[PDB]
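Given next, in structure tokens, is a single chain: the form deposited in one PDB entry.
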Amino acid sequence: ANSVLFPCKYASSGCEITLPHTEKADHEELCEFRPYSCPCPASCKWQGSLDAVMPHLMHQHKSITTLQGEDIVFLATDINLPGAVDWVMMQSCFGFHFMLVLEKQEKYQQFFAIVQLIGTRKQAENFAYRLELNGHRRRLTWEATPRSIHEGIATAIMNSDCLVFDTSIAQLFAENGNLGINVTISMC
């Protein structure tokens, strides 16, 4: 009311919304015309549209393999390897692509496993993912809604809003230095 209306930062990309100086910041974060960053877990700093995400991964990250199936096994090899490492692969099911990431971070080591949907924030609400570590007379399960690549996983990992475990847990489910994470994607 009576306040001057400013166009969105991504008005050049197709945003037809004009908001005042205060409300401007809150929308630009949740804006659909905001460029998508590279979903790969700091080496790559690429940005572009959502339609350019799958070709970018096919060309600049050829080493990432894609498995067909809603229920697969993510066998991350050399989990005891010295230093902080990352494991990434893709899951093709329900006509969509999902990024499966296992992040090893230096602890005062800790592990973070999460699933992202290559799609919008609204598209991610229609899915659910399950992560499970299985052993003899042991099972650790994590279930949640997959994050959209638009918002990423940086905030989610920092809030531990994913499957979180340490070196002690990892050795209980590790077979010949490899950890097998059962990944199940479902439509809700």
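Residue numbers run from 1 along the displayed sequence.
K.L.:
Should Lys107 be counted as unmodelled in at least a third of the other PDB entries compared?
P.N.:
Yes; at least one third of the other entries leave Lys107 out.
K.L.:
Neighbours in the displayed sequence, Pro41 and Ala42 may still hide a gap; how many deposited residues lack coordinates there, none, 1 to 3, 4 to 9, or 10 or more?
P.N.:
The entry has a short gap there, with 1 to 3 residues left out between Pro41 and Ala42.
K.L.:
Higher mean Cα B-factor in the deposited model: 26-34 or 121-129?
P.N.:
So the stretch with the higher mean C-alpha B-factor is 26-34.
K.L.:
With reference to the PDB entry, specify whether the mean Cα temperature factor is higher for 80-88 or for 109-117.
P.N.:
Stretch with the higher mean C-alpha B-factor: 80-88.
K.L.:
Looking at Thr145, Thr141, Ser63, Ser148, which one carries the largest C-alpha B-factor according to the PDB entry?
P.N.:
Answer, based on the entry's C-alpha B-factors: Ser63.
K.L.:
Please say which third, lowest, middle or highest, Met187 falls into when its CA temperature factor is compared across its chain.
P.N.:
As the PDB entry reports it, the C-alpha B-factor of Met187 lands in the middle third of its chain.
K.L.:
Taking the values exactly as deposited, rank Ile169 by C-alpha B-factor within its chain and report the matching third: lowest, middle or highest.
P.N.:
As the PDB entry reports it, the C-alpha B-factor of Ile169 lands in the middle third of its chain.
K.L.:
Quick check for you: using the entry's CA B-factors within this chain, is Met58 in the lowest, middle or highest third?
P.N.:
As the PDB entry reports it, the C-alpha B-factor of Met58 lands in the highest third of its chain.
One more form of this protein should be noted, the form deposited in another entry, which is absent from this view; the next part is about it.
K.L.:
If you split the chain into two rigid parts that turn against each other between this form and the one not shown, which option among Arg34, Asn159, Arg138, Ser92 sits at the hinge?
P.N.:
So the residue at the hinge between this form and the one not shown must be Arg34.
K.L.:
Just to spell it out: taking the C-alpha atom of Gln123 and the C-alpha atom of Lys24, is that distance smaller or larger in that other deposited form than in the structure shown here, given it changes by 3 Å or more?
P.N.:
Closer together, by at least 3 Å.
K.L.:
Against the shown form, C-alpha atoms of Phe33 and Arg147 in that other deposited form: closer or farther, for a change of 3 Å or more?
P.N.:
Their C-alpha distance grows by at least 3 Å in that other deposited form.
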